[PDB]
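Source file: run01.pdb. Holds: PDB, N, CA and C atoms.
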ATOM      1  N   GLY A   1      10.819  13.970   6.079  1.00  0.00           N
ATOM      2  CA  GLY A   1       9.800  14.877   5.471  1.00  0.00           C
ATOM      3  C   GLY A   1       9.686  14.603   3.966  1.00  0.00           C
ATOM      4  N   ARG A   2       9.526  15.632   3.170  1.00  0.00           N
ATOM      5  CA  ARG A   2       9.408  15.455   1.689  1.00  0.00           C
ATOM      6  C   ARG A   2      10.665  16.010   0.998  1.00  0.00           C
ATOM      7  N   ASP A   3      10.631  16.132  -0.313  1.00  0.00           N
ATOM      8  CA  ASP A   3      11.800  16.663  -1.102  1.00  0.00           C
ATOM      9  C   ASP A   3      13.078  15.850  -0.819  1.00  0.00           C
ATOM     10  N   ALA A   4      12.928  14.557  -0.643  1.00  0.00           N
ATOM     11  CA  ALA A   4      14.087  13.649  -0.358  1.00  0.00           C
ATOM     12  C   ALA A   4      13.604  12.192  -0.390  1.00  0.00           C
ATOM     13  N   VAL A   5      12.534  11.897   0.322  1.00  0.00           N
ATOM     14  CA  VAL A   5      11.972  10.504   0.355  1.00  0.00           C
ATOM     15  C   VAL A   5      11.546  10.076  -1.060  1.00  0.00           C
ATOM     16  N   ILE A   6      10.915  10.963  -1.803  1.00  0.00           N
ATOM     17  CA  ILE A   6      10.476  10.628  -3.203  1.00  0.00           C
ATOM     18  C   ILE A   6      11.710  10.225  -4.028  1.00  0.00           C
ATOM     19  N   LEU A   7      12.805  10.936  -3.856  1.00  0.00           N
ATOM     20  CA  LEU A   7      14.067  10.616  -4.598  1.00  0.00           C
ATOM     21  C   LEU A   7      14.603   9.254  -4.119  1.00  0.00           C
ATOM     22  N   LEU A   8      14.526   8.990  -2.830  1.00  0.00           N
ATOM     23  CA  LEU A   8      15.017   7.688  -2.273  1.00  0.00           C
ATOM     24  C   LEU A   8      14.070   6.533  -2.628  1.00  0.00           C
ATOM     25  N   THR A   9      12.810   6.822  -2.813  1.00  0.00           N
ATOM     26  CA  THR A   9      11.812   5.759  -3.169  1.00  0.00           C
ATOM     27  C   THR A   9      12.121   5.207  -4.571  1.00  0.00           C
ATOM     28  N   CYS A  10      12.427   6.065  -5.519  1.00  0.00           N
ATOM     29  CA  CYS A  10      12.745   5.578  -6.901  1.00  0.00           C
ATOM     30  C   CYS A  10      14.223   5.157  -7.017  1.00  0.00           C
ATOM     31  N   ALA A  11      15.078   5.589  -6.115  1.00  0.00           N
ATOM     32  CA  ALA A  11      16.524   5.207  -6.189  1.00  0.00           C
ATOM     33  C   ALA A  11      16.830   3.975  -5.320  1.00  0.00           C
ATOM     34  N   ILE A  12      16.157   3.808  -4.202  1.00  0.00           N
ATOM     35  CA  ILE A  12      16.431   2.622  -3.324  1.00  0.00           C
ATOM     36  C   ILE A  12      15.272   1.617  -3.402  1.00  0.00           C
ATOM     37  N   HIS A  13      15.489   0.524  -4.105  1.00  0.00           N
ATOM     38  CA  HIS A  13      14.454  -0.558  -4.273  1.00  0.00           C
ATOM     39  C   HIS A  13      13.108  -0.014  -4.802  1.00  0.00           C
ATOM     40  N   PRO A  14      13.143   0.559  -5.990  1.00  0.00           N
ATOM     41  CA  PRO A  14      11.905   1.117  -6.615  1.00  0.00           C
ATOM     42  C   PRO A  14      10.940  -0.004  -7.045  1.00  0.00           C
ATOM     43  N   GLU A  15      11.459  -1.122  -7.511  1.00  0.00           N
ATOM     44  CA  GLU A  15      10.575  -2.258  -7.945  1.00  0.00           C
ATOM     45  C   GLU A  15       9.858  -2.920  -6.755  1.00  0.00           C
ATOM     46  N   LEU A  16      10.240  -2.591  -5.546  1.00  0.00           N
ATOM     47  CA  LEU A  16       9.582  -3.190  -4.343  1.00  0.00           C
ATOM     48  C   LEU A  16       8.584  -2.190  -3.747  1.00  0.00           C
ATOM     49  N   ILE A  17       8.962  -0.932  -3.640  1.00  0.00           N
ATOM     50  CA  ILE A  17       8.038   0.107  -3.071  1.00  0.00           C
ATOM     51  C   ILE A  17       6.779   0.228  -3.948  1.00  0.00           C
ATOM     52  N   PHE A  18       6.930   0.207  -5.257  1.00  0.00           N
ATOM     53  CA  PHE A  18       5.739   0.311  -6.167  1.00  0.00           C
ATOM     54  C   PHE A  18       4.766  -0.844  -5.867  1.00  0.00           C
ATOM     55  N   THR A  19       5.299  -2.034  -5.674  1.00  0.00           N
ATOM     56  CA  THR A  19       4.443  -3.224  -5.361  1.00  0.00           C
ATOM     57  C   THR A  19       3.714  -2.984  -4.027  1.00  0.00           C
ATOM     58  N   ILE A  20       4.390  -2.390  -3.060  1.00  0.00           N
ATOM     59  CA  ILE A  20       3.752  -2.108  -1.732  1.00  0.00           C
ATOM     60  C   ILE A  20       2.591  -1.121  -1.927  1.00  0.00           C
ATOM     61  N   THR A  21       2.777  -0.088  -2.726  1.00  0.00           N
ATOM     62  CA  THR A  21       1.676   0.909  -2.969  1.00  0.00           C
ATOM     63  C   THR A  21       0.452   0.187  -3.560  1.00  0.00           C
ATOM     64  N   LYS A  22       0.674  -0.725  -4.484  1.00  0.00           N
ATOM     65  CA  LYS A  22      -0.463  -1.484  -5.098  1.00  0.00           C
ATOM     66  C   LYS A  22      -1.176  -2.286  -3.999  1.00  0.00           C
ATOM     67  N   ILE A  23      -0.423  -2.984  -3.173  1.00  0.00           N
ATOM     68  CA  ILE A  23      -1.035  -3.782  -2.059  1.00  0.00           C
ATOM     69  C   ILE A  23      -1.644  -2.815  -1.025  1.00  0.00           C
ATOM     70  N   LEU A  24      -1.040  -1.658  -0.831  1.00  0.00           N
ATOM     71  CA  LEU A  24      -1.568  -0.648   0.147  1.00  0.00           C
ATOM     72  C   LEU A  24      -3.022  -0.305  -0.201  1.00  0.00           C
ATOM     73  N   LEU A  25      -3.313  -0.118  -1.469  1.00  0.00           N
ATOM     74  CA  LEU A  25      -4.715   0.205  -1.892  1.00  0.00           C
ATOM     75  C   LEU A  25      -5.618  -1.017  -1.698  1.00  0.00           C
ATOM     76  N   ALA A  26      -5.054  -2.188  -1.828  1.00  0.00           N
ATOM     77  CA  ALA A  26      -5.834  -3.456  -1.656  1.00  0.00           C
ATOM     78  C   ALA A  26      -5.924  -3.890  -0.181  1.00  0.00           C
ATOM     79  N   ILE A  27      -5.222  -3.228   0.707  1.00  0.00           N
ATOM     80  CA  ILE A  27      -5.266  -3.603   2.161  1.00  0.00           C
ATOM     81  C   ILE A  27      -6.567  -3.118   2.833  1.00  0.00           C
ATOM     82  N   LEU A  28      -7.265  -2.169   2.240  1.00  0.00           N
ATOM     83  CA  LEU A  28      -8.539  -1.658   2.846  1.00  0.00           C
ATOM     84  C   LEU A  28      -9.606  -2.765   2.846  1.00  0.00           C
ATOM     85  N   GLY A  29      -9.926  -3.305   1.690  1.00  0.00           N
ATOM     86  CA  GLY A  29     -10.949  -4.389   1.610  1.00  0.00           C
ATOM     87  C   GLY A  29     -12.362  -3.804   1.722  1.00  0.00           C
ATOM     88  N   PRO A  30     -12.890  -3.328   0.612  1.00  0.00           N
ATOM     89  CA  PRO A  30     -14.267  -2.743   0.600  1.00  0.00           C
ATOM     90  C   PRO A  30     -15.305  -3.809   0.985  1.00  0.00           C
ATOM     91  N   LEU A  31     -15.110  -5.038   0.554  1.00  0.00           N
ATOM     92  CA  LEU A  31     -16.068  -6.133   0.907  1.00  0.00           C
ATOM     93  C   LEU A  31     -15.832  -6.525   2.370  1.00  0.00           C
ATOM     94  N   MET A  32     -14.580  -6.623   2.779  1.00  0.00           N
ATOM     95  CA  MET A  32     -14.245  -6.989   4.197  1.00  0.00           C
ATOM     96  C   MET A  32     -14.904  -5.999   5.167  1.00  0.00           C
ATOM     97  N   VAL A  33     -14.992  -4.736   4.798  1.00  0.00           N
ATOM     98  CA  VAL A  33     -15.641  -3.714   5.686  1.00  0.00           C
ATOM     99  C   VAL A  33     -17.097  -4.144   5.966  1.00  0.00           C
ATOM    100  N   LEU A  34     -17.722  -4.827   5.026  1.00  0.00           N
ATOM    101  CA  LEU A  34     -19.130  -5.299   5.218  1.00  0.00           C
ATOM    102  C   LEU A  34     -19.169  -6.678   5.913  1.00  0.00           C
ATOM    103  N   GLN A  35     -18.065  -7.127   6.470  1.00  0.00           N
ATOM    104  CA  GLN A  35     -18.020  -8.452   7.168  1.00  0.00           C
ATOM    105  C   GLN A  35     -17.214  -8.344   8.481  1.00  0.00           C
ATOM    106  N   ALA A  36     -17.141  -7.168   9.071  1.00  0.00           N
ATOM    107  CA  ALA A  36     -16.382  -7.000  10.351  1.00  0.00           C
ATOM    108  C   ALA A  36     -17.327  -7.269  11.531  1.00  0.00           C
ATOM    109  N   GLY A  37     -17.209  -8.424  12.147  1.00  0.00           N
ATOM    110  CA  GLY A  37     -18.101  -8.774  13.298  1.00  0.00           C
ATOM    111  C   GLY A  37     -19.518  -9.003  12.759  1.00  0.00           C
ATOM    112  N   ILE A  38     -19.630  -9.795  11.717  1.00  0.00           N
ATOM    113  CA  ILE A  38     -20.962 -10.086  11.090  1.00  0.00           C
ATOM    114  C   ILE A  38     -21.358 -11.553  11.307  1.00  0.00           C
ATOM    115  N   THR A  39     -22.616 -11.875  11.087  1.00  0.00           N
ATOM    116  CA  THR A  39     -23.120 -13.278  11.264  1.00  0.00           C
ATOM    117  C   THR A  39     -22.809 -13.786  12.683  1.00  0.00           C
ATOM    118  N   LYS A  40     -23.478 -13.232  13.667  1.00  0.00           N
ATOM    119  CA  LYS A  40     -23.255 -13.653  15.087  1.00  0.00           C
ATOM    120  C   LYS A  40     -24.593 -14.054  15.724  1.00  0.00           C
TER     121      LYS A  40
END

Please, can you express the file's structure as C-alpha cells?
Amino acid sequence: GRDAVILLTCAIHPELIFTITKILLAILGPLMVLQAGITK
C-alpha cells in the first residue's frame, strides 16, 4: 500500500526508480498513438 513504498523508493535504489518514472512518462508515445495500425 502507501506510507512505506515511498520510503523504500528513495532508500532502495533511488537513482534507478527515478529513471524508470522518466521513461514511464515516455512509454505512452503521443505520436505512436497516431500510428497504431496505420497505412494499410

- From chain A, collect each residue whose DSSP state is helix (DSSP H, G or I) and return the set as a list in words.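 Filtering chain A down to helix (DSSP H, G or I) leaves residues 5, 6, 7, 8, 9, 10, 11, 14, 15, 16, 17, 18, 19, 20, 21, 22, 23, 24, 25, 26, 30, 31, 32 and 33 of chain A.
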
- At what distance in Å, to one decimal, does atom CA of residue 5 of chain A lie from atom CA of residue 18 of chain A? 13.6 Å

- Query: Please, what distance in Å, to one decimal, runs between atom CA of residue 27 of chain A and atom CA of residue 15 of chain A?
  - Reply: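 For atom CA of residue 27 of chain A relative to atom CA of residue 15 of chain A, the distance reads 18.8 Å.
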
- atom CA of residue 28 of chain A and atom CA of residue 6 of chain A, how far apart in Å?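 Between atom CA of residue 6 of chain A and atom CA of residue 28 of chain A the gap works out to 23.4 Å.
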
So that all listed atoms of segment 32-40 of chain A fit with 8 Å spare on each side, what axis-aligned box centre and edge lengths in Å, to one decimal, would you give as lines of an AutoDock Vina configuration file?
center_x = -19.4
center_y = -8.9
center_z = 9.3
size_x = 26.3
size_y = 26.3
size_z = 28.9

Any chance you could build segment 9-21 of chain A out to N, CA, C and O atoms and write it as a CSV table (one decimal), keeping the file's coordinate frame?
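Just written: selection02.csv:
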chain,number,residue,atom,x,y,z
A,9,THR,N,12.8,6.8,-2.8
A,9,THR,CA,11.8,5.8,-3.2
A,9,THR,C,12.1,5.2,-4.6
A,9,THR,O,12.1,4.0,-4.8
A,10,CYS,N,12.4,6.1,-5.5
A,10,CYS,CA,12.7,5.6,-6.9
A,10,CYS,C,14.2,5.2,-7.0
A,10,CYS,O,14.6,4.4,-7.9
A,11,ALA,N,15.1,5.6,-6.1
A,11,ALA,CA,16.5,5.2,-6.2
A,11,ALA,C,16.8,4.0,-5.3
A,11,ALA,O,17.7,3.2,-5.7
A,12,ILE,N,16.2,3.8,-4.2
A,12,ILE,CA,16.4,2.6,-3.3
A,12,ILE,C,15.3,1.6,-3.4
A,12,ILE,O,14.2,1.8,-2.8
A,13,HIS,N,15.5,0.5,-4.1
A,13,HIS,CA,14.5,-0.6,-4.3
A,13,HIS,C,13.1,0.0,-4.8
A,13,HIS,O,12.1,-0.1,-4.1
A,14,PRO,N,13.1,0.6,-6.0
A,14,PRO,CA,11.9,1.1,-6.6
A,14,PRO,C,10.9,0.0,-7.0
A,14,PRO,O,9.7,0.1,-7.0
A,15,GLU,N,11.5,-1.1,-7.5
A,15,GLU,CA,10.6,-2.3,-7.9
A,15,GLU,C,9.9,-2.9,-6.8
A,15,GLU,O,9.0,-3.7,-6.9
A,16,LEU,N,10.2,-2.6,-5.5
A,16,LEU,CA,9.6,-3.2,-4.3
A,16,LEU,C,8.6,-2.2,-3.7
A,16,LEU,O,7.5,-2.6,-3.4
A,17,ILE,N,9.0,-0.9,-3.6
A,17,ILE,CA,8.0,0.1,-3.1
A,17,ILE,C,6.8,0.2,-3.9
A,17,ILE,O,5.7,0.3,-3.4
A,18,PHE,N,6.9,0.2,-5.3
A,18,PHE,CA,5.7,0.3,-6.2
A,18,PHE,C,4.8,-0.8,-5.9
A,18,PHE,O,3.6,-0.7,-5.8
A,19,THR,N,5.3,-2.0,-5.7
A,19,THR,CA,4.4,-3.2,-5.4
A,19,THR,C,3.7,-3.0,-4.0
A,19,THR,O,2.6,-3.3,-3.9
A,20,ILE,N,4.4,-2.4,-3.1
A,20,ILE,CA,3.8,-2.1,-1.7
A,20,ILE,C,2.6,-1.1,-1.9
A,20,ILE,O,1.5,-1.3,-1.4
A,21,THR,N,2.8,-0.1,-2.7
A,21,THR,CA,1.7,0.9,-3.0
A,21,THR,C,0.5,0.2,-3.6
A,21,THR,O,-0.7,0.4,-3.2
